[PDB]
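One structure is given below, encoded as structure tokens.
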Amino acid sequence: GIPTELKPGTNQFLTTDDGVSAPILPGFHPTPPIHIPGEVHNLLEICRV
Amino acid sequence: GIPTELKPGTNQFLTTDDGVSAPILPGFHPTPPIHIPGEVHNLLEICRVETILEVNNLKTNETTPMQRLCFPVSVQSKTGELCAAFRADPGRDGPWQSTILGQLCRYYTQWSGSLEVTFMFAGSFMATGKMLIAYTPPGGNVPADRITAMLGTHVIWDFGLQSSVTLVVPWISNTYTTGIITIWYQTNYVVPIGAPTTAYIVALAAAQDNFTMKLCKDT
Amino acid sequence: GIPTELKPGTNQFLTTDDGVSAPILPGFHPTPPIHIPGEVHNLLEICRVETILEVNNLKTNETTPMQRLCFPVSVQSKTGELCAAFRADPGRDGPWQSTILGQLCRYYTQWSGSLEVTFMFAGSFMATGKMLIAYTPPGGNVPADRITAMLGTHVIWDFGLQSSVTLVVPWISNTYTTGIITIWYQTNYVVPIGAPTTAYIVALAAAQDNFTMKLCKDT
Amino acid sequence: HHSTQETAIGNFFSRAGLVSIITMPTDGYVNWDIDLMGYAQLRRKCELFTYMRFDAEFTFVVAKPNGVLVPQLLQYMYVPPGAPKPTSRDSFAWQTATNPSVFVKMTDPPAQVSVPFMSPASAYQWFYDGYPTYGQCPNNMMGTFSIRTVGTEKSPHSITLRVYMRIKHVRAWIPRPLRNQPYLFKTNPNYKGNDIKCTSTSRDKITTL
Amino acid sequence: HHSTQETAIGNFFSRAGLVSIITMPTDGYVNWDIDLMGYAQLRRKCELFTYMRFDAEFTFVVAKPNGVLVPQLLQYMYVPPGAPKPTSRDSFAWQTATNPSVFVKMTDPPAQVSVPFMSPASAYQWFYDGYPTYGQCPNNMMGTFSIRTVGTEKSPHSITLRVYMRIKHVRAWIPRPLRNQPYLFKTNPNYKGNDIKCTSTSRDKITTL
Amino acid sequence: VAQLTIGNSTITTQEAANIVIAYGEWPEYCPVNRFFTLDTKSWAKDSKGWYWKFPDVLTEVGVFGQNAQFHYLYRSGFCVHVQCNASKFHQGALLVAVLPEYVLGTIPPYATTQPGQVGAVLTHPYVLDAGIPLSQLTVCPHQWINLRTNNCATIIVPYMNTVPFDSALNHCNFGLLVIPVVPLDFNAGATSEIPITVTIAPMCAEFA
């Protein structure tokens with residue numbers, strides 16, 4: 001095996017990390033979305049009425 | 001060494017992970033496969049064969065279960081009356097437990113598609129008549145008379161010319177929605193001398209080419 | 001550092017893994033090899049040399065084991081009778097324990113291929129006769145008379161011209177299948193004055209070019 | 001409108017489930033031989049076809065009778081088809097070099113062993129019509145596992161473990177009607193012929209929809 | 001029809017098996033020198049050839065007399081061919097810088113050491129016909145391992161460990177008949193000449209098939 | 001109408017282009033050709049069903065009874081032809097379907113699992129004496145004999161085994177079931193028993 005190294009910061013649960021996790025249902029297919037009118041892309045479209 | 005980092009999620013045994021593991025016999029050579037006919041690539045090739053429904057599932061036929069596949073027409077019956085009726089859900093109990101479509105729909109949760117129900121006459125050659133195969137759309141009411149069932153979707157079947165007619169249910173779904181099918185006596189049963197008075201019909205049922213299902217579940 | 005993840009299967013000592021480990025002497029230079037004749041690249045070059053079977057493995061030859069390699073023909077024997085018989089499995093006990101083919105087939109589990117059995121006459125020069133080398137196919141019965149053994153697969157061997165004949169067993173396998181070989185007196189033993197009355201035959205046995213085996217196993 | 005990947009032959013047989021549960025109180029060794037048809041589930045599902053071909057993947061979750069863990073060292077020995085089984089706790093077969101093993105502590109993530117396709121034929125078969133030589137039984141025999149605690153003394157810790165098993169690279173042939181009767185034994189397709197439970201449940205009148 | 005890779009010379013010698021078992025009760029040091037011909041297995045298998053050339057790969061599984069583990073620190077010292085051995089627990093040879101060592105705790109995955117080809121000749125040999133200068137013995141001498149617990153006091157923990165050994169990069173020359181007689185000593189090919197066990201087992205009559 | 005002549009035997013069937021090829025494959029080579037006609041079974045009013053084991057059914061008749069008992073290896077296809085001869089005053093329906101690796105079950109001795117050329121009868125045909133229900137038998141290669149319209153049914157079966165060569169005296173590859181789904185009915189005075197004739201014909205046989 002390749003030599004690795006463990007820096008400090010291991011085994012910590014940071015609540016605001018964008019980390020990819022293992023899915024619970026690998027073979028599942030979600031229902032594909034359709035076109036529904038009135039999509040909000042940003043909250044500054046609500047602050048202009 | 002390179003610097004690494006251990007995220008949360010370590011040392012957990014998830015039961016549904018496609019992870020490659022270390023083999024136990026590295027130098028072994030398995031026996032290479034040969035051509036054996038009849039390979040199943042998908043379970044929807046088993047859900048497309050005509051299997052026999054169990055329409056005559058009364059309380060008295062539990063002792064002699066060979067009679068549960070055929071339901072009788074007769075000569076003493078009048079005209080314009082009802083012969084048999086059953087719902088059109090492959091999931092729940094009743095007649096559709098006895099087919100292969102209603103036994104693979106116990107291994108899943110949601111299904112959606114179209115069906116087809118095929119009938120077959122098994123009477124004498126010298127007899128003839130007419131039958132009415134009425135299909136009530138889902139959410140409606142069961143007809144009380146033939147003249148109300150004639151206005152819906154129905155197929156006129158005379159067994160003097162053909163011996164088998166196919167009725168196609170347009171759409172079912174599951175997330176009540178029942179597709180009630182009734183068999184009406186159009187004309188009475190006529191028969192010459194020597195041929196027997198009674199006959200029997202058998203019913204077949206399978207799925208169409210747009211019947212899919214998802215969310216694997218254990219019974 | 002990069003984010004990593006520990007799957008199950010950590011800290012396990014599997015005894016059959018081809019894993020590279022840290023050397024104990026990094027600056028050492030081993031002695032570079034030279035050319036030595038007779039390199040064995042595969043164990044199937046050892047299973048292709050004619051070694052001596054042990055056909056005469058009676059109960060009385062356990063004290064003087066030098067007599068177990070040669071079985072006698074004689075002049076007092078009649079015609080049309082049996083000389084010797086043995087099975088054709090290299091795995092199990094009996095004669096084939098004493099060869100190098102039956103000692104490398106104790107280190108494995110499944111084997112399949114063809115063999116060859118070679119005989120060799122070690123009698124006087126002035127004597128002659130004929131012998132019948134009959135091979136019963138697997139699953140059949142042992143012959144009781146020469147005229148039934150003649151109808152199968154057999155080789156007529158007269159030792160007045162040749163001194164060695166080779167018989168090829170077509171196929172064996174192991175996952176009863178026995179390839180019973182019998183030696184029949186075709187003609188009696190004729191001999192002039194001065195030459196001795198008895199003789200001896202030795203048997204050799206090795207594998208063909210399509211004899212493979214698998215699933216390494218310890219004895 | 002969706003795709004047809006939830007009914008592929010591979011995705012019908014995923015999601016490893018429990019196949020055994022093994023205790024070991026305070027003998028000292030166990031022999032669990034590999035079998036699929038030991039539970040009512042996965043026997044009815046693998047008998048939908050006739051010829052299957054797959055390898056496996058095992059995992060040995062191990063603990064005490066109530067949850068807790070102790071620093072104990074364990075050995076799981078795999079016996080290939082055609083080798084003699086260990087008879088005692090200190091038999092010679094525990095040190096035979098060709099039967100592979102794994103050494104795993106109890107305070108470790110669980111072990112994971114993958115066994116390839118072991119048959120001399122080209123596929124497994126659950127139904128054999130003929131005779132071997134006495135019962136109508138086939139000759140697959142996937143293997144045998146053996147578990148013991150290392151050491152020359154009786155360890156003062158009763159151990160329980162369970163064996164999970166996945167199935168990879170599935171191919172099937174020749175479908176078959178699904179079994180609708182209860183099971184009696186694990187070798188033969190016997191039923192209770194004194195009463196036949198009907199396939200469907202009953203209703204009163206044929207026109208009572 | 002299959003390939004011929006199950007009878008290659010490399011795959012005949014894989015799957016590391018046990019070569020020693022070492023106790024250390026409550027002296028305090030052990031000297032196990034490296035030898036192949038210590039067990040009846042792998043002596044009969046390596047004497048099929050005459051000249052072999054390989055390196056090794058060791059693994060030290062270590063525990064208590066019954067399974068359990070304790071937080072103890074250990075030292076495994078490797079002595080090359082031609083160096084003086086440690087005589088006492090606190091000899092100077094334990095701190096010689098050129099004899100390499102490993103430091104491993106008991107609550108750790110086991111150590112793994114790889115030893116290269118150490119002979120001054122071009123290959124090993126198990127059979128020497130001539131004389132060294134008194135017995136007909138060769139001069140390979142692969143090495144010596146030495147094991148102790150670090151510390152200046154007697155540790156109150158009796159330790160047992162076993163040494164597994166793989167063999168990598170095997171080449172062989174000049175095959176030889178396989179030994180069929182029992183062994184008596186570990187240096188010479190002696191047998192018991194008062195009785196010779198026959199190679200095959202017997203039958204009654206030559207025509208009794 | 002036509003008259004097929006293969007070997008020293010001949011049979012008389014009409015031109016019927018409704019063969020069923022099992023699993024969509026013809027039998028072929030690269031891993032004794034005549035029409036053997038078995039006994040005729042009498043379909044009564046309350047018969048239950050019959051089954052024949054293959055190739056056990058041909059180990060007593062023909063030279064194939066001697067080819068199977070003398071040679072070890074064996075590999076072949078088949079061609080089954082079943083026909084029923086009834087008038088236009090009888091009614092009923094039959095289901096004939098092959099079934100690979102048909103294992104029976106005890107409520108068995110050697111007379112029931114391998115009945116030979118005569119064939120045995122079923123006791124509980126709702127479960128096929130094997131635990132599987134009758135209603136899903138049509139996943140196998142099947143064909144309907146309905147006495148109203150047609151009187152013949154033919155199935156072409158290719159070779160189906162995991163090992164390319166196999167003994168003929170121990171193993172039995174598939175069975176062949178004939179079940180009266182809708183029973184026979186007539187009035188009085190007509191013929192009480194209807195005959196059913198089975199015709200076998202091997203295709204691309206090999207012997208080693």
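Chain labels follow the order of the structure tokens: the first chain is A, the next B, and so on; residue numbering restarts at 1 in every chain, and ligands are counted from 1 in their shown order.
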Given a cut-off of 8 Å, which residues of chain C touch chain E, counting only C-alpha atoms, written out as a ChimeraX atom specification?
/C:11-13,15-17,21-25,30-34,36-44,46,54-59,62,65,82-87,93-98,180,212-216
Within 6 Å of chain F, which residues of chain B come that close, and what is the closest atom pair and distance in Å for each? Count only C-alpha atoms and give it as a Markdown table.
| residue | atom | partner | partner_atom | distance |
| --- | --- | --- | --- | --- |
| B:38 | CA | F:23 | CA | 5.3 |
| B:51 | CA | F:136 | CA | 5.5 |
| B:52 | CA | F:135 | CA | 5.1 |
| B:66 | CA | F:126 | CA | 5.8 |
| B:122 | CA | F:92 | CA | 5.9 |
| B:123 | CA | F:91 | CA | 5.2 |
| B:124 | CA | F:91 | CA | 4.7 |
| B:125 | CA | F:148 | CA | 5.0 |
| B:194 | CA | F:187 | CA | 5.9 |
| B:195 | CA | F:89 | CA | 5.2 |
| B:196 | CA | F:186 | CA | 5.7 |
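Counting from atom CA of residue 183 of chain C, the distance to atom CA of residue 69 of chain C is 16.1 Å.
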DSSP-assigned strand (DSSP E or B) among segment 9-119 of chain D, expressed as a count of residues only:
42
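Atom pair atom CA of residue 52 of chain D / atom CA of residue 124 of chain D: separated by 5.3 Å.
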What are the residues of chain A lining chain D at 12 Å or less? Count only C-alpha atoms, and put the answer as a list in words.
residues 24, 25, 26, 27, 28, 29, 30, 31, 32, 33 and 34 of chain A
Closest contacts (chain B/chain A, max 6 Å, only C-alpha atoms) as CSV:
residue,atom,partner,partner_atom,distance
B:1,CA,A:4,CA,4.5
B:2,CA,A:4,CA,5.1
B:3,CA,A:5,CA,4.8
B:4,CA,A:6,CA,5.3
B:5,CA,A:10,CA,5.8
B:6,CA,A:10,CA,5.0
B:8,CA,A:11,CA,6.0
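In this structure, atom CA of residue 217 of chain C sits 18.2 Å away from atom CA of residue 87 of chain D.
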Kindly determine which residues of chain D lie within 6 Å of chain F, considering only C-alpha atoms, and give the answer as a PyMOL selection string.
chain D and resi 122+129-131+177+179-181+189-190+193
I need the residues from that last selection saved to file as a PDB file, in the first residue's frame (with C-alpha atoms), if you can.
ATOM      1  CA  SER D 122     -20.899 -24.616 -15.594  1.00  0.00           C
ATOM      2  CA  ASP D 129     -33.794 -35.462 -11.274  1.00  0.00           C
ATOM      3  CA  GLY D 130     -31.377 -38.390 -11.444  1.00  0.00           C
ATOM      4  CA  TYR D 131     -29.424 -40.352  -8.871  1.00  0.00           C
ATOM      5  CA  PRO D 177     -43.407 -21.734 -11.336  1.00  0.00           C
ATOM      6  CA  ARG D 179     -43.634 -22.602  -4.861  1.00  0.00           C
ATOM      7  CA  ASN D 180     -46.979 -22.115  -3.101  1.00  0.00           C
ATOM      8  CA  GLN D 181     -46.842 -24.878  -0.475  1.00  0.00           C
ATOM      9  CA  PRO D 189     -39.488 -30.612  -2.514  1.00  0.00           C
ATOM     10  CA  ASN D 190     -41.936 -32.411  -0.254  1.00  0.00           C
ATOM     11  CA  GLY D 193     -50.374 -33.969   0.849  1.00  0.00           C
TER      12      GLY D 193
END
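Selecting chain D residues within 9 Å of chain E and counting only C-alpha atoms yields residues 70, 71, 72, 73, 74, 95, 96, 97, 98, 99, 100, 103, 104, 149, 150, 151, 152, 153, 154, 155 and 156 of chain D.
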Identify, with DSSP run on backbone atoms, the residues in segment 40-82 of chain E assigned to helix (DSSP H, G or I), and express the list as a JSON list (two decimals) with C-alpha atoms, in the first residue's frame.
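Result saved to part09.json:
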[["chain", "number", "residue", "atom", "x", "y", "z"],
["E", 43, "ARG", "CA", 10.12, -30.14, 3.88],
["E", 44, "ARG", "CA", 8.71, -32.83, 1.60],
["E", 45, "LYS", "CA", 7.56, -30.13, -0.81],
["E", 46, "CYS", "CA", 10.79, -28.13, -1.06]]
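Comparing the minimum interatomic distances between chain B and each of C:197, C:60, C:110, C:67, counting only C-alpha atoms, we find that C:110 sits nearest.
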